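Data block for model_20.pdb (PDB, C-alpha atoms):
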```
ATOM      1  CA  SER A 202      14.661  14.116 -16.891  1.00  0.00           C
ATOM      2  CA  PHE A 203      13.041  16.169 -14.141  1.00  0.00           C
ATOM      3  CA  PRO A 204      11.983  15.586 -10.518  1.00  0.00           C
ATOM      4  CA  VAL A 205       8.330  16.519  -9.911  1.00  0.00           C
ATOM      5  CA  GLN A 206       7.521  19.365  -7.515  1.00  0.00           C
ATOM      6  CA  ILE A 207       5.198  18.423  -4.642  1.00  0.00           C
ATOM      7  CA  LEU A 208       5.045  21.629  -2.584  1.00  0.00           C
ATOM      8  CA  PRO A 209       6.889  24.878  -3.298  1.00  0.00           C
ATOM      9  CA  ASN A 210      10.627  24.027  -3.096  1.00  0.00           C
ATOM     10  CA  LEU A 211       9.953  20.342  -2.350  1.00  0.00           C
ATOM     11  CA  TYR A 212      10.881  17.983  -5.207  1.00  0.00           C
ATOM     12  CA  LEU A 213      10.445  14.209  -5.526  1.00  0.00           C
ATOM     13  CA  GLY A 214      12.825  12.239  -7.731  1.00  0.00           C
ATOM     14  CA  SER A 215      15.088   9.356  -8.705  1.00  0.00           C
ATOM     15  CA  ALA A 216      18.751   8.398  -8.440  1.00  0.00           C
ATOM     16  CA  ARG A 217      19.090   9.709 -11.995  1.00  0.00           C
ATOM     17  CA  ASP A 218      17.828  13.097 -10.843  1.00  0.00           C
ATOM     18  CA  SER A 219      20.353  13.077  -8.017  1.00  0.00           C
ATOM     19  CA  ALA A 220      23.237  13.088 -10.505  1.00  0.00           C
ATOM     20  CA  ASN A 221      22.013  15.852 -12.839  1.00  0.00           C
ATOM     21  CA  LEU A 222      23.850  18.999 -11.744  1.00  0.00           C
ATOM     22  CA  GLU A 223      22.198  20.975 -14.554  1.00  0.00           C
ATOM     23  CA  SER A 224      18.690  19.910 -13.491  1.00  0.00           C
ATOM     24  CA  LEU A 225      19.394  20.718  -9.830  1.00  0.00           C
ATOM     25  CA  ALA A 226      20.665  24.185 -10.778  1.00  0.00           C
ATOM     26  CA  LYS A 227      17.550  24.955 -12.842  1.00  0.00           C
ATOM     27  CA  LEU A 228      15.311  24.022  -9.916  1.00  0.00           C
ATOM     28  CA  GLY A 229      17.374  25.797  -7.259  1.00  0.00           C
ATOM     29  CA  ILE A 230      17.946  22.583  -5.304  1.00  0.00           C
ATOM     30  CA  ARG A 231      20.887  22.655  -2.866  1.00  0.00           C
ATOM     31  CA  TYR A 232      19.556  20.109  -0.358  1.00  0.00           C
ATOM     32  CA  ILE A 233      19.362  16.409  -1.096  1.00  0.00           C
ATOM     33  CA  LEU A 234      17.631  13.740   0.990  1.00  0.00           C
ATOM     34  CA  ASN A 235      18.981  10.357  -0.117  1.00  0.00           C
ATOM     35  CA  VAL A 236      16.590   7.768   1.287  1.00  0.00           C
ATOM     36  CA  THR A 237      18.715   4.722   0.539  1.00  0.00           C
ATOM     37  CA  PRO A 238      21.447   2.940   2.507  1.00  0.00           C
ATOM     38  CA  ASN A 239      23.866   2.838  -0.416  1.00  0.00           C
ATOM     39  CA  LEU A 240      23.406   5.372  -3.232  1.00  0.00           C
ATOM     40  CA  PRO A 241      26.174   7.963  -3.822  1.00  0.00           C
ATOM     41  CA  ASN A 242      25.979  11.606  -2.716  1.00  0.00           C
ATOM     42  CA  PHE A 243      27.601  12.931  -5.870  1.00  0.00           C
ATOM     43  CA  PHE A 244      28.201  16.513  -4.798  1.00  0.00           C
ATOM     44  CA  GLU A 245      29.177  15.860  -1.194  1.00  0.00           C
ATOM     45  CA  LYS A 246      32.533  17.607  -1.603  1.00  0.00           C
ATOM     46  CA  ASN A 247      30.647  20.728  -2.750  1.00  0.00           C
ATOM     47  CA  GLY A 248      30.089  22.993   0.287  1.00  0.00           C
ATOM     48  CA  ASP A 249      27.076  24.520  -1.489  1.00  0.00           C
ATOM     49  CA  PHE A 250      25.119  21.280  -1.213  1.00  0.00           C
ATOM     50  CA  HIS A 251      23.641  19.836   1.946  1.00  0.00           C
ATOM     51  CA  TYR A 252      23.137  16.072   2.193  1.00  0.00           C
ATOM     52  CA  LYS A 253      21.147  13.779   4.474  1.00  0.00           C
ATOM     53  CA  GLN A 254      21.004  10.019   4.006  1.00  0.00           C
ATOM     54  CA  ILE A 255      18.577   7.615   5.643  1.00  0.00           C
ATOM     55  CA  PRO A 256      19.072   3.833   5.207  1.00  0.00           C
ATOM     56  CA  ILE A 257      15.465   3.011   4.321  1.00  0.00           C
ATOM     57  CA  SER A 258      14.784  -0.382   2.747  1.00  0.00           C
ATOM     58  CA  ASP A 259      11.912  -2.788   2.246  1.00  0.00           C
ATOM     59  CA  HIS A 260      14.162  -5.462   3.776  1.00  0.00           C
ATOM     60  CA  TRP A 261      13.469  -3.768   7.115  1.00  0.00           C
ATOM     61  CA  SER A 262      10.326  -1.753   6.535  1.00  0.00           C
ATOM     62  CA  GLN A 263       9.554  -1.912  10.251  1.00  0.00           C
ATOM     63  CA  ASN A 264      12.130   0.778  11.138  1.00  0.00           C
ATOM     64  CA  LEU A 265      10.687   3.414   8.777  1.00  0.00           C
ATOM     65  CA  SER A 266       8.536   5.576  11.109  1.00  0.00           C
ATOM     66  CA  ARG A 267      11.655   5.942  13.254  1.00  0.00           C
ATOM     67  CA  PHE A 268      13.364   7.884  10.452  1.00  0.00           C
ATOM     68  CA  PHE A 269      10.483  10.239   9.681  1.00  0.00           C
ATOM     69  CA  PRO A 270      11.416  12.864  12.309  1.00  0.00           C
ATOM     70  CA  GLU A 271      14.974  13.488  11.050  1.00  0.00           C
ATOM     71  CA  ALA A 272      13.798  13.437   7.426  1.00  0.00           C
ATOM     72  CA  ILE A 273      11.112  16.014   8.119  1.00  0.00           C
ATOM     73  CA  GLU A 274      13.621  18.188   9.992  1.00  0.00           C
ATOM     74  CA  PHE A 275      15.989  18.157   7.015  1.00  0.00           C
ATOM     75  CA  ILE A 276      13.291  19.047   4.501  1.00  0.00           C
ATOM     76  CA  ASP A 277      12.196  21.854   6.809  1.00  0.00           C
ATOM     77  CA  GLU A 278      15.695  23.343   6.887  1.00  0.00           C
ATOM     78  CA  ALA A 279      15.756  23.566   3.108  1.00  0.00           C
ATOM     79  CA  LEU A 280      12.307  25.135   2.871  1.00  0.00           C
ATOM     80  CA  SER A 281      12.938  27.499   5.758  1.00  0.00           C
ATOM     81  CA  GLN A 282      16.109  28.668   4.023  1.00  0.00           C
ATOM     82  CA  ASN A 283      13.909  29.119   0.941  1.00  0.00           C
ATOM     83  CA  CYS A 284      16.013  26.560  -0.920  1.00  0.00           C
ATOM     84  CA  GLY A 285      14.852  23.591  -2.964  1.00  0.00           C
ATOM     85  CA  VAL A 286      15.363  20.063  -1.690  1.00  0.00           C
ATOM     86  CA  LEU A 287      15.271  16.776  -3.583  1.00  0.00           C
ATOM     87  CA  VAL A 288      13.966  13.620  -1.912  1.00  0.00           C
ATOM     88  CA  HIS A 289      14.983  10.543  -3.853  1.00  0.00           C
ATOM     89  CA  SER A 290      15.635   6.824  -3.742  1.00  0.00           C
ATOM     90  CA  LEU A 291      16.592   4.465  -6.572  1.00  0.00           C
ATOM     91  CA  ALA A 292      13.663   4.092  -8.955  1.00  0.00           C
ATOM     92  CA  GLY A 293      11.899   6.655  -6.783  1.00  0.00           C
ATOM     93  CA  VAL A 294       8.502   4.970  -6.722  1.00  0.00           C
ATOM     94  CA  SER A 295       8.283   3.912  -3.064  1.00  0.00           C
ATOM     95  CA  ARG A 296      10.846   4.952  -0.434  1.00  0.00           C
ATOM     96  CA  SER A 297      11.066   8.603  -1.500  1.00  0.00           C
ATOM     97  CA  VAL A 298       7.293   8.779  -1.867  1.00  0.00           C
ATOM     98  CA  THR A 299       6.701   7.375   1.629  1.00  0.00           C
ATOM     99  CA  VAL A 300       8.978   9.905   3.291  1.00  0.00           C
ATOM    100  CA  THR A 301       7.416  12.702   1.277  1.00  0.00           C
ATOM    101  CA  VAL A 302       3.916  11.643   2.259  1.00  0.00           C
ATOM    102  CA  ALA A 303       5.009  11.620   5.912  1.00  0.00           C
ATOM    103  CA  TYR A 304       6.292  15.172   5.596  1.00  0.00           C
ATOM    104  CA  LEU A 305       3.006  16.357   4.047  1.00  0.00           C
ATOM    105  CA  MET A 306       1.030  14.623   6.786  1.00  0.00           C
ATOM    106  CA  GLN A 307       2.912  16.531   9.489  1.00  0.00           C
ATOM    107  CA  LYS A 308       3.285  19.984   7.952  1.00  0.00           C
ATOM    108  CA  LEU A 309      -0.167  20.232   6.416  1.00  0.00           C
ATOM    109  CA  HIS A 310      -2.015  18.279   9.118  1.00  0.00           C
ATOM    110  CA  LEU A 311      -3.183  15.735   6.566  1.00  0.00           C
ATOM    111  CA  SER A 312      -4.327  12.137   6.840  1.00  0.00           C
ATOM    112  CA  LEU A 313      -2.307   9.538   4.914  1.00  0.00           C
ATOM    113  CA  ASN A 314      -4.862   9.447   2.104  1.00  0.00           C
ATOM    114  CA  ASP A 315      -5.170  13.189   1.582  1.00  0.00           C
ATOM    115  CA  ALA A 316      -1.377  13.534   1.673  1.00  0.00           C
ATOM    116  CA  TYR A 317      -1.102  10.620  -0.763  1.00  0.00           C
ATOM    117  CA  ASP A 318      -3.620  12.229  -3.112  1.00  0.00           C
ATOM    118  CA  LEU A 319      -1.382  15.285  -3.415  1.00  0.00           C
ATOM    119  CA  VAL A 320       1.549  13.142  -4.540  1.00  0.00           C
ATOM    120  CA  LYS A 321      -0.568  10.876  -6.786  1.00  0.00           C
ATOM    121  CA  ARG A 322      -1.724  13.925  -8.724  1.00  0.00           C
ATOM    122  CA  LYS A 323       1.912  14.882  -9.367  1.00  0.00           C
ATOM    123  CA  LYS A 324       3.414  11.425  -9.912  1.00  0.00           C
ATOM    124  CA  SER A 325       1.719   8.619 -11.861  1.00  0.00           C
ATOM    125  CA  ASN A 326       4.258   5.899 -11.081  1.00  0.00           C
ATOM    126  CA  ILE A 327       3.833   4.900  -7.433  1.00  0.00           C
ATOM    127  CA  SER A 328       4.243   1.281  -6.330  1.00  0.00           C
ATOM    128  CA  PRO A 329       2.238   0.079  -3.317  1.00  0.00           C
ATOM    129  CA  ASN A 330       3.993  -1.274  -0.241  1.00  0.00           C
ATOM    130  CA  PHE A 331       1.663  -2.289   2.550  1.00  0.00           C
ATOM    131  CA  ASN A 332       4.424  -2.507   5.139  1.00  0.00           C
ATOM    132  CA  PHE A 333       5.244   1.104   4.323  1.00  0.00           C
ATOM    133  CA  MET A 334       1.525   1.960   4.382  1.00  0.00           C
ATOM    134  CA  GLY A 335       1.278   0.418   7.837  1.00  0.00           C
ATOM    135  CA  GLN A 336       4.217   2.485   9.009  1.00  0.00           C
ATOM    136  CA  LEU A 337       2.494   5.616   7.684  1.00  0.00           C
ATOM    137  CA  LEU A 338      -0.697   4.709   9.516  1.00  0.00           C
ATOM    138  CA  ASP A 339       1.305   4.357  12.737  1.00  0.00           C
ATOM    139  CA  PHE A 340       2.687   7.819  12.054  1.00  0.00           C
ATOM    140  CA  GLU A 341      -0.783   9.151  11.302  1.00  0.00           C
ATOM    141  CA  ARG A 342      -1.695   7.887  14.761  1.00  0.00           C
ATOM    142  CA  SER A 343       1.274   9.505  16.520  1.00  0.00           C
ATOM    143  CA  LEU A 344       0.258  12.807  14.935  1.00  0.00           C
ATOM    144  CA  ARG A 345      -3.259  12.021  16.296  1.00  0.00           C
TER     145      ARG A 345
END
```

Take the structure in the file and give it back as structure tokens.
Amino acid sequence: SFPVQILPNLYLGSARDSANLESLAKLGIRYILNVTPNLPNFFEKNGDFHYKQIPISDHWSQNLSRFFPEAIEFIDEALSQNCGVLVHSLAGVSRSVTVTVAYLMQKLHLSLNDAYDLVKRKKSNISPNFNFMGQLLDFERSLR
């Protein structure tokens, strides 16, 4: 129905949200971060949209932190251009959330928990994944 907004211009959603051209127009979203190895980038042929896809999966949760830097860079481009960006996965209750938490951690200088609290308050359906949590803690460490 609608992706939830986390920070101004930063939206968190599902694969359903990624295919709703009407919903993306309403929210001013022109950037889409597809955090799955296989979901479609519906409006790829549309020069107005900017796509970025990262093959994140629980099958290989150990590679995650490695993708945080390019994800954060993409989200920053959207926000710097003062454009909305949608971060999504399939159900959108784990992979998209993890990447979004990582972004918050870096930009707002927040610990994993504080960053997580911001998302929890906006989204009530988050599924735990300790491998992902461990990856976030490693990232928390790299930030210091």

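For the choices A:301, A:202, A:215, A:295, the atom-to-atom distance to residue 258 (chain A) is smallest for A:295 when using only C-alpha atoms.
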
Practice task
Given the file shown, enumerate the residues that the PyMOL selection byres ((chain A and resi 299) around 12) captures and present them as a ChimeraX atom specification.
Solution key: /A:213,236,257-259,262,265-266,268-269,272-273,288-290,293-298,300-306,313-314,316-317,320-321,327-338,340

Restricting the output to C-alpha atoms, write the selected residues as a tab-separated table (two decimals), keeping the file's coordinate frame.
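What ended up in result.tsv:
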```
chain	number	residue	atom	x	y	z
A	213	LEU	CA	10.44	14.21	-5.53
A	236	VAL	CA	16.59	7.77	1.29
A	257	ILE	CA	15.46	3.01	4.32
A	258	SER	CA	14.78	-0.38	2.75
A	259	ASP	CA	11.91	-2.79	2.25
A	262	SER	CA	10.33	-1.75	6.54
A	265	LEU	CA	10.69	3.41	8.78
A	266	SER	CA	8.54	5.58	11.11
A	268	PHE	CA	13.36	7.88	10.45
A	269	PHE	CA	10.48	10.24	9.68
A	272	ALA	CA	13.80	13.44	7.43
A	273	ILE	CA	11.11	16.01	8.12
A	288	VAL	CA	13.97	13.62	-1.91
A	289	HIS	CA	14.98	10.54	-3.85
A	290	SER	CA	15.64	6.82	-3.74
A	293	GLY	CA	11.90	6.66	-6.78
A	294	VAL	CA	8.50	4.97	-6.72
A	295	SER	CA	8.28	3.91	-3.06
A	296	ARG	CA	10.85	4.95	-0.43
A	297	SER	CA	11.07	8.60	-1.50
A	298	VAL	CA	7.29	8.78	-1.87
A	300	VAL	CA	8.98	9.90	3.29
A	301	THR	CA	7.42	12.70	1.28
A	302	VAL	CA	3.92	11.64	2.26
A	303	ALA	CA	5.01	11.62	5.91
A	304	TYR	CA	6.29	15.17	5.60
A	305	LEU	CA	3.01	16.36	4.05
A	306	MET	CA	1.03	14.62	6.79
A	313	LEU	CA	-2.31	9.54	4.91
A	314	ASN	CA	-4.86	9.45	2.10
A	316	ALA	CA	-1.38	13.53	1.67
A	317	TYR	CA	-1.10	10.62	-0.76
A	320	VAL	CA	1.55	13.14	-4.54
A	321	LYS	CA	-0.57	10.88	-6.79
A	327	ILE	CA	3.83	4.90	-7.43
A	328	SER	CA	4.24	1.28	-6.33
A	329	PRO	CA	2.24	0.08	-3.32
A	330	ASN	CA	3.99	-1.27	-0.24
A	331	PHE	CA	1.66	-2.29	2.55
A	332	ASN	CA	4.42	-2.51	5.14
A	333	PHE	CA	5.24	1.10	4.32
A	334	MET	CA	1.52	1.96	4.38
A	335	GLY	CA	1.28	0.42	7.84
A	336	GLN	CA	4.22	2.48	9.01
A	337	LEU	CA	2.49	5.62	7.68
A	338	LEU	CA	-0.70	4.71	9.52
A	340	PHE	CA	2.69	7.82	12.05
```

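Using only C-alpha atoms for every distance, the candidate list A:230, A:255, A:309, A:291 yields A:230 as the residue closest to residue 211 (chain A).
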
Expected axis-aligned box over every listed atom of region 313-317 of chain A, 5 Å added per side, centre plus edges in Å to one decimal, as JSON:
```
{"center_x": -3.1, "center_y": 11.5, "center_z": 2.1, "size_x": 14.1, "size_y": 14.1, "size_z": 15.7}
```

Problem - Evaluate the PyMOL selection byres ((chain A and resi 250) around 9) and report residues as a list in words - result: residues 230, 231, 232, 233, 244, 245, 246, 247, 248, 249, 251 and 252 of chain A

Handout entry: Expected selection from the PyMOL selection byres ((chain A and resi 205) around 8), given as a PyMOL selection string
Key = chain A and resi 203-204+206-207+212-214+323-324

Write the residues of the selection above to a file with C-alpha atoms, as a compact mmCIF listing (two decimals), in the coordinates of the input.
```txt
# COMPACT_ATOMS: atom_id res chain seq x y z
CA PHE A 203 13.04 16.17 -14.14
CA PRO A 204 11.98 15.59 -10.52
CA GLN A 206 7.52 19.36 -7.52
CA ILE A 207 5.20 18.42 -4.64
CA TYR A 212 10.88 17.98 -5.21
CA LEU A 213 10.44 14.21 -5.53
CA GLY A 214 12.82 12.24 -7.73
CA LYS A 323 1.91 14.88 -9.37
CA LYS A 324 3.41 11.42 -9.91
```

Exercise for the section: Within 8 Å of residue 256 (chain A), counting only C-alpha atoms, which residues show up once you throw out same-chain ones fewer than 4 positions away? Write them as a PyMOL selection string, please. Expected result: chain A and resi 236-239

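Closest approach to residue 219 (chain A) from the set A:270, A:287, A:281, A:325 is made by A:287, with distances taken over all atoms listed in the file.
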
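Pairwise distance (CA of residue 284 (chain A), CA of residue 242 (chain A)) equals 18.1 Å.
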
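Straight-line separation from CA of residue 221 (chain A) to CA of residue 253 (chain A): 17.5 Å.
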
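Distance-wise, CA of residue 278 (chain A) and CA of residue 224 (chain A) end up 20.9 Å apart.
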
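Across A:208, A:240, A:222, A:344, the tightest approach to residue 292 (chain A) is made by A:240 when counting all atoms listed in the file.
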
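Nearest to residue 282 (chain A) of all the residues A:319, A:229, A:218, A:343 is A:229, based on all atoms listed in the file.
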
Problem - Pick from A:267, A:227, A:342, A:217, whichever lies nearest to residue 307 (chain A) using all atoms listed in the file - result: A:342
